[PDB]
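> Coordinates only, no sequence provided:
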RNA sequence: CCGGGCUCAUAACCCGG
RNA sequence: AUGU
RNA sequence: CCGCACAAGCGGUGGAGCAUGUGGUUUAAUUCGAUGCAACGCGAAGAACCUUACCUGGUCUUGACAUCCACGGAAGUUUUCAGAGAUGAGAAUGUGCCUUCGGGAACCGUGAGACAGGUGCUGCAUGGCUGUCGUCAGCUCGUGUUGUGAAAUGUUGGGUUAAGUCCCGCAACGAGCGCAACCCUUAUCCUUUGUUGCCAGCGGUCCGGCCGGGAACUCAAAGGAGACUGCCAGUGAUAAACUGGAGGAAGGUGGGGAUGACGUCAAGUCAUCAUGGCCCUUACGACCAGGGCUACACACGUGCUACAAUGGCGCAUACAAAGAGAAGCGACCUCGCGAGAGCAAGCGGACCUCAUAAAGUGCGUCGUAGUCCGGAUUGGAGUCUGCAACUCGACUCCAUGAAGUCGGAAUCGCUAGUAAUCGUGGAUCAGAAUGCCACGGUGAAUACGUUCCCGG
Ligand SMILES: [Mg+2]
Ligand SMILES: [Mg+2]
Ligand SMILES: [Mg+2]
Ligand SMILES: [Mg+2]
Ligand SMILES: [Mg+2]
Ligand SMILES: [Mg+2]
Ligand SMILES: [Mg+2]
Ligand SMILES: [Mg+2]
Ligand SMILES: [Mg+2]
Ligand SMILES: [Mg+2]
Ligand SMILES: [Mg+2]
Ligand SMILES: [Mg+2]
Ligand SMILES: [Mg+2]
Ligand SMILES: [Mg+2]
Ligand SMILES: [Mg+2]
Ligand SMILES: [Mg+2]
Ligand SMILES: [Mg+2]
Ligand SMILES: [Mg+2]
Ligand SMILES: [Mg+2]
Ligand SMILES: [Mg+2]
Ligand SMILES: [Mg+2]
Ligand SMILES: [Mg+2]
Ligand SMILES: [Mg+2]
Ligand SMILES: [Mg+2]
Ligand SMILES: [Mg+2]
Ligand SMILES: [Mg+2]
Ligand SMILES: [Mg+2]
Ligand SMILES: [Mg+2]
Ligand SMILES: [Mg+2]
Ligand SMILES: [Mg+2]
Ligand SMILES: [Mg+2]
Ligand SMILES: [Mg+2]
Ligand SMILES: [Mg+2]
Ligand SMILES: [Mg+2]
Ligand SMILES: [Mg+2]
Ligand SMILES: [Mg+2]
Ligand SMILES: [Mg+2]
Ligand SMILES: [Mg+2]
Ligand SMILES: [Mg+2]
Ligand SMILES: [Mg+2]
Ligand SMILES: [Mg+2]
Ligand SMILES: [Mg+2]
Ligand SMILES: [Mg+2]
Ligand SMILES: [Mg+2]
Ligand SMILES: [Mg+2]
Ligand SMILES: [Mg+2]
Ligand SMILES: [Mg+2]
Ligand SMILES: [Mg+2]
Ligand SMILES: [Mg+2]
Ligand SMILES: [Zn+2]
């Protein structure tokens, strides 16, 4: 995965959106397309509408998910059984 | 070949002794061009046999061979236009080859803790004419 | 003969023996033997009880069998409960690190069964 | 039963190359691209001049171009008036000072390319192909007295179903490598599409190497 | 290859050529062992802002003549089909069929 | 004292041999001292390409380019020699490198 | 040449036919020892008549082609022809030698081409095998064409050893209308010969007598 | 005085120098037995001297490079044979009859297009 | 009955379950 | 046995 | 009558796990083409973005790409805000150059059309290119010749060959396209030139061809020589040809490669390109972000590693070929258990680096076991490329140790430096080889024969 010399990664616009939201206490779901952004502790308690190729999925951040990538919580494929 | 027939490739004599039969033996034993391994095994087995019975390594080996050499075969040829299992003579060269192949086959099955030991015990059984080597010959005869 | 935990190593060379412990591979085995200052190829049998005691001390410095199993179970449970894609795959008994599922998945899916 | 290219095989045996400049890896691809553009241009301009081949060299950081045509007057112009324009523009696209030389094809009948071009031209004017083939072939012998073959393929005479047909006279020993086979092709467009043309012209045997 | 593809490729090469030095400099900062943590953080954050096509990785070689995206040879800047015809013409200096 | 070392590359062996003939003849008549033309191992590059435009795997052919090498060394570079050998011109196909 | 010379030479010999065959009748003196026998009284005149016409041909100097396919006579016909500087065939008579002479001409051209190459010595340009190969090819062409390579066209008159062995050449001669001078015996139709020579077509002594007389006739007639 | 011979086999080549002597031999500044762990090669290289029974009368200095142990052994044998014939040409007869004089020419076969190996063709798939 | 093999193939006929 |  | 056609031999496939392709199923989408041989590690010599042709959503309408007219300004540089981005909005900015002194060339913006654009349809409208029979020995013409003609002969016959190769015979004589030869490569020797390659005899040496020196040897690469049934015996129709022998590095096409006759399959490709022609122009064209091409009850093809003592593990120690390198290859030294990191010499490369070959061999150990066999799977923890490794990368360390103990009916490859087995290099390429193309090391068995088949 990403080197430690490098440090974690996040997309800037998402960072500003979340920072502004938390200062404001607006706490409305955030539309975003940044599956590759990493989760930082501050985002706990927020809600992110994450694009899944088709649609933006609601997600409720919690401290456990810290360190994961957002795309990890929005499946892009569908399946229900061949039979 | 359909057009013609061609001679059999000449094979060198073993340098240690010079018995071409031994060279053919190591060849029929060798696997994936590991000739050195094969000759090592052969020498080990030959010693552990000849110095536990018989007089001489080469002579003991040869007599052991002779005790298993076949004389007849049954493999079918379409002589009469169909797969007749006609029994015909076997060439002395072919008799030697069959004996050698049978004895080497037996040892692989014998399962002692070393291939040198398997080979030595098989060849001792052959010298004693009590072993599967003579069995294959006599089953062919039967 | 027994080391820490309910496991009797059999009476072979010590390293091979110790690997029996769930959580002790070859590397940990060599490390343990070096720490105890014991030749690796001695039989499990014939060691004084003090030597086996110091070895019992050595293995204590690692996560023991019964707790290693619990740790792994807890980790997998955490991932399962979290709901992450990787966790969702675990509950479906499917390859969990990106191998083709069209073919060559018997070790995870199990023996084939007809439609 | 596809055949090999007659010229490709005999390169370095009896046939010399059409481009004899040395280069290293960095220079190589762009040199080839430049040469490609140069030919693609000169062919566009000199269509009426009956040009056969162009050989290019790059000595001493300069490009030198030699052109083979059956009638220099059309390309040399009065007092060199337009060949100078060619020199200027080729120097421009090549990015180097340019030099031009003219060689005069003497028997346009015995050039594969000119023969094929003539045939295509006649085709575009609704000439009946068999006549063109026969006249070309017979000419070849009348002047050069050595083997020739011709093929044509396409929707001949606007026929609904395309087909191919050919005509041979004299020796054409392809499998032989000593044979100085001149070979070329050319193109013809029609209301109905495309009609290809290929030509072989034997001219005797080379003994002693190209040297 | 559609004209749009060649347009894309030429735009990519030009734009990537433009920002070469700046990207190299910011890279030098980001990878530095002793650089301050905050400086590296800022350098990483800023790199996102450059045009994505600035990166050389996004380019794809294509046949000069045809722009085909497969079967490319760097030695000639051409794809397999084109090279063969030219070779047969004998326009490539010194090239010959190989029989060793 | 000084020494001139010249390396030559080409694709035609006969042509480069002729080039060396020019070099040695001029150096001889100008009264220099010479080490004979030394052959060096010749690189050959090889390329195999798929002949068919569509899917015909296992159908293809291969080509090679051979670059030759000759070396000449001059151990009495009289000044009247030095410039004269820069007055010479070589065929387009021959690449010349001079060094001291 | 007179009757007893012909008898001593075996000119009177013939060919037994099973029972009796009328085809072999034209010059039968009779039969003895189960062999039909030729009338030499008729042998002398027609033989001399053929020679006389040949002499006239010799006085004319028109070319005489001497062709032998009957194996024993081949070297003798070659000798007789070259004694007079005339052309000869000493092998199988290739069919169409007259009707397809158009083709024969090209082989003469190519024969001379390779012979010129031999004089040039330029076979030494070739790889060793191909040099030997061209030499061998030239040898075959010399073997077959040596006897006619100087003929330049269709021959004026034909000498033939045996109508019973040269019948294809006689066929072509009748086709083109070329006079034939030949030995005729029993078992053969005489009409294939314009100036028939009655006499045995086999015996080597008879063949020697024929060839000696004919070559002497050619040279004497051309020298009048 | 001294005599020389060159030998080759597969990709190996050997230079051989021979002089009268008690019979020591050094190849690449090592003893014969040191060089080859396998003992067959020791006979292989000595067969010519055994054949002409010259073992203890000639001293040998050898150099070899390229190819493997087997090829190098063969090249040494060939070079020794040639050097012997340089020393005394009358030996040529028996040397040829022994098969030592002939230059074995067998070499590896190049890979070919569509073939996994020199001649090994891919599995046919039954169709 | 379901699957694999035999055939340019479908049937007949072989090998599992 | 059949088979555009 | 011929061919690894069968037979005689050796090793596999078909059962296991995994890599890879295809069918089916599923999906918003899983883009398109290729399906007996002759489709299935195939186009694709390399899909995280790009690529990309598919899906969702967001945007443009003379346009991303070209010419033509008007019109306005050099260009360009720097920087700010909004937005996922496309874009939009602004700031400073530039502010130039040839100018015949008119302007113009430059570029950049807007407008107007004529036009642009298409991986949209037809490989059964075509060119070009390729597979297939098959490196199979055949395919034809002219002149002549026979039959009232439709035609035949040549090209069939007896031999003999890899072969319509050759000889005899022969109403045929010849010719042309195929066959063979001319070309590259390998096996032996001679000549030429000797550095960055070479070290036999000399001198010195710390012993390093290290250096003085050598031009022998190896080797490098140009040019020569050499094999033709030439020699001998037998055989044969004195034929051709066959069999044996001598000599030679090499003997009967010495070995390998390139080279594919007339035509068959309306075989494949409109998606390399070209093109007849039909179809779409605020859209079947163009721009952008995220997704997919990698899904998963299943079926099939091609591969890779295994079920082991000819073996597994530890220690020591030998012997290659052929390639690649400038944003390149990167030593040395330092650091880390390791993938690596730091520093930094050298080399456009017989000079420097990639890069110490593995089997082998010497010592020890393991004792027939689901093992000191086998490694899949999963947890934890890291390195490196890239803006960016969730979907979806390769690699290292610890821990974990599935199935598997020689595999049914059935079926493939191979006649000698081959099979089998062991390593090394290259192209595509930021990164991503169990595929593909090359290189060497070790190195076999079997062929009675043509009856079956299979094909020709
Ligand atoms: Mg991890
Ligand atoms: Mg082809
Ligand atoms: Mg890329
Ligand atoms: Mg190089
Ligand atoms: Mg393949
Ligand atoms: Mg078989
Ligand atoms: Mg199965
Ligand atoms: Mg399987
Ligand atoms: Mg598909
Ligand atoms: Mg912004
Ligand atoms: Mg507008
Ligand atoms: Mg258009
Ligand atoms: Mg078609
Ligand atoms: Mg079709
Ligand atoms: Mg053939
Ligand atoms: Mg035949
Ligand atoms: Mg016929
Ligand atoms: Mg025929
Ligand atoms: Mg015949
Ligand atoms: Mg022929
Ligand atoms: Mg005939
Ligand atoms: Mg010394
Ligand atoms: Mg010399
Ligand atoms: Mg040479
Ligand atoms: Mg020969
Ligand atoms: Mg003879
Ligand atoms: Mg005889
Ligand atoms: Mg001999
Ligand atoms: Mg012989
Ligand atoms: Mg050859
Ligand atoms: Mg050929
Ligand atoms: Mg189709
Ligand atoms: Mg299509
Ligand atoms: Mg996209
Ligand atoms: Mg795919
Ligand atoms: Mg395997
Ligand atoms: Mg192990
Ligand atoms: Mg090395
Ligand atoms: Mg080093
Ligand atoms: Mg270290
Ligand atoms: Mg490497
Ligand atoms: Mg070992
Ligand atoms: Mg482990
Ligand atoms: Mg089990
Ligand atoms: Mg079986
Ligand atoms: Mg391998
Ligand atoms: Mg590479
Ligand atoms: Mg890569
Ligand atoms: Mg190999
Ligand atoms: Zn008579």
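On my side now, so go ahead. Residues are numbered from 1 along each chain as shown, chains lettered A, B, ... in the order given. Ligands and ions are numbered 1, 2, ... in the order given.

> Could you chop chain D up by domain?
D:16-106, D:107-206 (CATH domains of a matching chain).

> Residues of chain B that sit close to RNA strand K?
Residues of chain B lying close to RNA strand K (C-beta under 7 Å from any atom of the strand) are B:1-3, B:5-6, B:8-9, B:11, B:24, B:27-38, B:40-41, B:75, B:77-79, B:81-82, B:94, B:97, B:101, B:108, B:111, B:113-116. In this view, the C-beta of every residue, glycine as well, is placed from N, C-alpha and C.

> For residue B:77, give the beta-bridge partners.
Bridge pairing for residue B:77 (DSSP bridges) gives the partners residue B:84.

> Could I get the contacting residues of it?
Neighbouring residues of residue B:77 by C-beta atoms under 8 Å, 6 or more residues apart in numbering or on different chains: B:84, B:86, B:88.

> what does residue B:98 give?
With C-beta under 8 Å, 6+ apart, residue B:98 has these contacts: B:69-70, B:90, B:136-137.

> Roughly how far does it sit from residue F:17?
Going from residue B:98 to residue F:17 by C-beta to C-beta, to the nearest Å gives 64 Å.

> Can you pull the phi/psi pair for the residue of chain F found nearest RNA strand K?
Minimum separation of chain F from RNA strand K (C-beta to the nearest atom of the strand) falls at residue F:36, amounting to 2.2 Å. Torsion angles at residue F:36 (phi, psi; degrees, to the nearest 10) stand at phi -60, psi 160.

> ok, now residue D:32?
The phi/psi pair for residue D:32 (degrees, to the nearest 10) is phi -60, psi -40.

> Verify the stated contact: it with residue E:76.
Yes: at 6.2 Å, residue D:32 and residue E:76 qualify as touching, with contact defined as C-beta atoms under 8 Å.

> Name the residues contacting each of these two.
Residues touching both residue D:32 and residue E:76 (C-beta under 8 Å, 6+ apart): residue E:92.

> list the helices and strands the lengthiest strand in chain F packs on?
Longest strand in chain F, counting residues (DSSP state E): strand F:61-74. Helices and strands touching strand F:61-74, as assessed by 3 or more C-beta pairs under 8 Å, 6 or more residues apart in numbering or on different chains; DSSP states H and E, comprise strand E:96-97, strand F:4-10, helix F:13-29, strand F:34-39, strand F:43-49.

> Number of residues surrounding residue 58?
Just going to use chain A. For residue A:58, the neighbour count with other C-beta atoms under 10 Å in any protein chain shown is 10.

> meant chain F actually
Neighbour number of residue F:58 under other C-beta under 10 Å is 10.

> Residue H:8 too?
Around residue H:8 there are 18 residues (other C-beta under 10 Å).

> cool, and residue A:6?
Neighbours of residue A:6 (other C-beta under 10 Å): 12.

> Please verify my assumption that residue B:96 contacts residue B:22.
No: contact between residue B:96 and residue B:22 fails when scored by C-beta under 8 Å: they sit 11.8 Å apart.

> before we move on, the earlier item: kindly reformat the contacts of residue B:77 as TSV containing distance to residue G:70.
Output for these, formatted as TSV (distance: C-beta to C-beta, whole Å):
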residue	distance to residue G:70
B:84	58
B:86	58
B:88	57
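
> Of the residues you listed, which is the most crowded?
The most crowded member of these, judged by other C-beta under 10 Å, is residue B:86 (13 neighbours).

> Without its sequence neighbours, what residue ends up closest to residue 17?
Let's take chain A. Leaving aside its sequence neighbours, residue A:17 sits nearest to residue A:30 (C-beta to C-beta, 6 or more residues apart in numbering or on different chains; 5.8 Å).

> my bad, chain G
Leaving out its chain neighbours, the residue that sits closest to residue G:17 by C-beta to C-beta, 6+ apart is residue G:24, at 5.5 Å.

> Let me see the contact set for the one you found.
G:14-15, G:17, G:36, G:186-188.

> What separation do you get for it and residue H:57?
91 Å.

> can you tell if stretch E:15-31 touches RNA strand K?
Yes: legend: contact between stretch E:15-31 and RNA strand K by C-beta under 7 Å from any atom of the strand is shown at E:18, E:20, E:23, E:27, E:31.

> mind listing which of the residues you listed are in strands?
Among the residues of stretch E:15-31 next to RNA strand K, no member falls in strands (DSSP E).

> Chain A next: which of the residues you listed are close?
Among the residues of stretch E:15-31 next to RNA strand K, the ones lying close to chain A by the criterion of C-beta under 8 Å from any C-beta of the partner chain are residue E:31.

> For PyMOL, what selects the buried ones among the residues of stretch E:15-31 next to RNA strand K?
For the buried members of those, the matching PyMOL selection, counting by 16 or more other C-beta atoms under 10 Å in any protein chain shown, is:
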select buried, chain E and resi 23
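
> Going by distance to residue B:56, which of the residues of stretch E:15-31 next to RNA strand K wins?
Nearest to residue B:56, judged by C-beta to C-beta, of those is residue E:31 at 76.9 Å.

> Which residue is the nearest non-sequential neighbour of the closest one?
residue A:5 (7.7 Å).

> Nearest residue to the middle of chain E?
Most central in chain E under C-alpha atoms, centre = their mean is residue E:59, positioned 4.2 Å from the mean C-alpha point.

> what's the spacing between that one and residue E:13?
Separation of residue E:59 from residue E:13 (C-beta to C-beta): 6 Å.

> Also residue F:60?
Distance, residue F:60 to residue E:13, by C-beta to C-beta: 31 Å.

> Residue G:113 now?
Distance from residue G:113 to residue E:13, by C-beta to C-beta: 66 Å.

> circling back: and the residue lying closest to the residue nearest to the centre of chain E once chain neighbours are set aside, what does it touch?
Spatial nearest neighbour of residue E:59, excluding adjacent residues (C-beta to C-beta, 6+ apart): residue E:12 at 5.4 Å. For residue E:12, the contacting residues are E:53, E:58-59, by C-beta under 8 Å, 6+ apart.

> A helix includes residue E:12, no?
Yes: under DSSP: H, G, I helix; E, B strand; the rest coil, residue E:12 falls within a helix.

> ok, now which ones touch residue 20?
Using chain A here. residue A:26.

> think we crossed wires, I meant chain H
With contact set as C-beta under 8 Å, 6+ apart, residue H:20 has these partners: H:1, H:57-59.
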